[PDB]
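These notes are about the structure you will find just below.
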Amino acid sequence: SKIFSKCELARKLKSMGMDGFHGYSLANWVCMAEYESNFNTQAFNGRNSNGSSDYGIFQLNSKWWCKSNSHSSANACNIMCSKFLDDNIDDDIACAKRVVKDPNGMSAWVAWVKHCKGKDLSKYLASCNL
């Protein structure tokens, strides 16, 4: 959620177990947050496909795993979309797994399907970290 970086977010998620999680390498998680919020902790969206909103470095859609001002939501993660723009990357990653295991998957993260899952780039985590 805080002002992280390409390798910083990649090494942090790798330690928790997001590296290659469900076939999604560390780059998939970094490029997704690098385009959705651009490593900005206050970067968030107001209107989405269903009038939802994104919050935190991952910018999670407040409609299938969080309650917000989007006229009620699925709240699958059971957490309001208010404590997601803090300087800690623990709750943003805890609910991030719920968005991937749900029926939507990486589809909710446009930056992911448009800059990693769909965009096959060979310069993301390859030219980062060690």
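Residues in the structure tokens are named by chain (A, B, ... in the order shown) and by number from 1 within that chain; ligands are numbered from 1 in the order shown.
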Inset, instruction - Within 12 Å of residue 114 of chain A, counting only C-alpha atoms, which residues show up once you throw out same-chain ones fewer than 4 positions away? Write them as a ChimeraX atom specification, please. - result: /A:28,31-36,106-110,118-121
Store the residues picked out above, limited to N, CA and C atoms, as an mmCIF file, in the first residue's frame.
data_model
loop_
_atom_site.group_PDB
_atom_site.id
_atom_site.type_symbol
_atom_site.label_atom_id
_atom_site.label_comp_id
_atom_site.auth_asym_id
_atom_site.auth_seq_id
_atom_site.Cartn_x
_atom_site.Cartn_y
_atom_site.Cartn_z
ATOM 1 N N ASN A 28 4.001 -10.378 -12.108
ATOM 2 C CA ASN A 28 2.519 -10.193 -12.275
ATOM 3 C C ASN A 28 1.951 -9.333 -11.138
ATOM 4 N N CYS A 31 3.883 -5.457 -11.587
ATOM 5 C CA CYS A 31 3.335 -4.660 -12.738
ATOM 6 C C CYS A 31 1.863 -4.286 -12.493
ATOM 7 N N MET A 32 1.122 -5.143 -11.824
ATOM 8 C CA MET A 32 -0.316 -4.848 -11.533
ATOM 9 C C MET A 32 -0.418 -3.613 -10.623
ATOM 10 N N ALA A 33 0.373 -3.566 -9.578
ATOM 11 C CA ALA A 33 0.346 -2.388 -8.653
ATOM 12 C C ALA A 33 1.118 -1.203 -9.264
ATOM 13 N N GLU A 34 2.020 -1.477 -10.181
ATOM 14 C CA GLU A 34 2.813 -0.392 -10.841
ATOM 15 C C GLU A 34 1.938 0.376 -11.846
ATOM 16 N N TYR A 35 0.860 -0.219 -12.306
ATOM 17 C CA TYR A 35 -0.029 0.475 -13.288
ATOM 18 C C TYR A 35 -1.350 0.898 -12.624
ATOM 19 N N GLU A 36 -1.856 0.116 -11.693
ATOM 20 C CA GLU A 36 -3.144 0.483 -11.015
ATOM 21 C C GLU A 36 -2.950 1.725 -10.134
ATOM 22 N N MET A 106 -7.549 -12.465 -11.775
ATOM 23 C CA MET A 106 -6.765 -11.261 -12.205
ATOM 24 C C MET A 106 -7.617 -10.334 -13.091
ATOM 25 N N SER A 107 -8.751 -10.806 -13.573
ATOM 26 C CA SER A 107 -9.625 -9.953 -14.441
ATOM 27 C C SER A 107 -9.989 -8.642 -13.728
ATOM 28 N N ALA A 108 -10.202 -8.682 -12.432
ATOM 29 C CA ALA A 108 -10.545 -7.429 -11.683
ATOM 30 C C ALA A 108 -9.401 -6.412 -11.805
ATOM 31 N N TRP A 109 -8.176 -6.872 -11.736
ATOM 32 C CA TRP A 109 -7.019 -5.939 -11.856
ATOM 33 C C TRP A 109 -6.711 -5.670 -13.331
ATOM 34 N N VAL A 110 -7.211 -4.577 -13.853
ATOM 35 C CA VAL A 110 -6.957 -4.232 -15.292
ATOM 36 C C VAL A 110 -5.445 -4.123 -15.544
ATOM 37 N N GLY A 118 -1.902 -10.555 -19.824
ATOM 38 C CA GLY A 118 -2.151 -10.406 -21.290
ATOM 39 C C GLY A 118 -0.889 -9.862 -21.972
ATOM 40 N N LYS A 119 -0.208 -8.928 -21.343
ATOM 41 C CA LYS A 119 1.036 -8.355 -21.947
ATOM 42 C C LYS A 119 2.249 -9.209 -21.553
ATOM 43 N N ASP A 120 2.728 -10.030 -22.456
ATOM 44 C CA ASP A 120 3.906 -10.897 -22.139
ATOM 45 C C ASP A 120 5.211 -10.096 -22.259
ATOM 46 N N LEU A 121 5.607 -9.426 -21.202
ATOM 47 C CA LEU A 121 6.871 -8.626 -21.238
ATOM 48 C C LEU A 121 8.014 -9.421 -20.596
#
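Each of A:22, A:66, A:10, A:57 was checked against residue 127 of chain A using only C-alpha atoms; the smallest atom-to-atom distance is that of A:10.
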Inset, instruction - Could you give me the residues within chain A that DSSP places in strand (DSSP E), as a ChimeraX atom specification? - result: /A:54-55,60-61
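Of the residues under consideration (A:42, A:104, A:5, A:88), A:104 shows the shortest atom-to-atom contact distance to residue 65 of chain A when counting only C-alpha atoms.
When the distance limit is 7 Å and only C-alpha atoms are what count, the residues near residue 89 of chain A, minus those fewer than 3 positions from it on the same chain, are residues 1, 2, 92 and 93 of chain A.
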Using C-alpha atoms, can you write the selected residues to a file as a PDB file, in the first residue's frame?
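Result file again.pdb:
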ATOM      1  CA  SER A   1       0.000   0.000   0.000  1.00  0.00           C
ATOM      2  CA  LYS A   2       2.759   2.522   0.949  1.00  0.00           C
ATOM      3  CA  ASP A  92      -3.758  -5.047   0.714  1.00  0.00           C
ATOM      4  CA  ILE A  93      -2.026  -8.426   0.127  1.00  0.00           C
TER       5      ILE A  93
END
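Shortest separation to residue 56 of chain A among A:26, A:18, A:74, A:85 occurs at residue A:85, atoms counted being only C-alpha atoms.
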Inset, instruction - Extract the full set of alpha helix (DSSP H) residues from chain A according to DSSP on the backbone, and format it as an MDAnalysis selection string. - result: chainID A and resid 6:16 26:36 91:101 110:115
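Contact shell of residue 51 of chain A at 9 Å (only C-alpha atoms; same-chain neighbours under 6 positions omitted): residues 63, 69, 70 and 71 of chain A.
We find atom CA of residue 84 of chain A and atom CA of residue 123 of chain A to be spaced 28.7 Å apart.
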Legend entry - Gap from atom CA of residue 67 of chain A to atom CA of residue 81 of chain A - Å, one decimal: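 Separation between atom CA of residue 67 of chain A and atom CA of residue 81 of chain A: 6.1 Å.
The space separating atom CA of residue 38 of chain A from atom CA of residue 72 of chain A comes to 27.1 Å.
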Legend entry - A:130, A:90, A:45, A:125 ranked by distance to residue 12 of chain A, top pick (using only C-alpha atoms): A:90
Neighbouring residues of residue 96 of chain A were defined as those with any atom within 8 Å, considering only C-alpha atoms; residues of the same chain fewer than 4 positions away were excluded. Please report them as an mmCIF file with C-alpha atoms, in the first residue's frame.
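Contents of out.cif, freshly written:
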data_model
loop_
_atom_site.group_PDB
_atom_site.id
_atom_site.type_symbol
_atom_site.label_atom_id
_atom_site.label_comp_id
_atom_site.auth_asym_id
_atom_site.auth_seq_id
_atom_site.Cartn_x
_atom_site.Cartn_y
_atom_site.Cartn_z
ATOM 1 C CA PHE A 58 -3.298 -2.898 -5.717
ATOM 2 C CA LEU A 60 -8.872 -3.624 -5.218
ATOM 3 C CA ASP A 92 -3.758 -5.047 0.714
ATOM 4 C CA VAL A 100 -7.477 -14.033 -7.263
#
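The smallest atom-to-atom distance between residue 30 of chain A and any of A:44, A:4, A:64, A:55, using only C-alpha atoms, is found for A:4.
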Inset, instruction - Just the residues within 10 Å of residue 14 of chain A, please, counting only C-alpha atoms, with nothing from its chain fewer than 6 positions along; format it as a list in words. - result: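 My reading of the contact set: residues 8, 20, 21, 25, 26 and 29 of chain A.
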Write the residues of the preceding selection, restricted to C-alpha atoms, as an mmCIF file, in the first residue's frame.
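As a result, part-v9.cif now contains:
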data_model
loop_
_atom_site.group_PDB
_atom_site.id
_atom_site.type_symbol
_atom_site.label_atom_id
_atom_site.label_comp_id
_atom_site.auth_asym_id
_atom_site.auth_seq_id
_atom_site.Cartn_x
_atom_site.Cartn_y
_atom_site.Cartn_z
ATOM 1 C CA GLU A 8 10.537 -3.806 -3.161
ATOM 2 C CA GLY A 20 4.668 -17.748 -8.673
ATOM 3 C CA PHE A 21 1.362 -17.865 -6.681
ATOM 4 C CA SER A 25 5.201 -14.910 -11.001
ATOM 5 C CA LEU A 26 6.329 -11.970 -8.782
ATOM 6 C CA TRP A 29 1.924 -8.742 -8.769
#
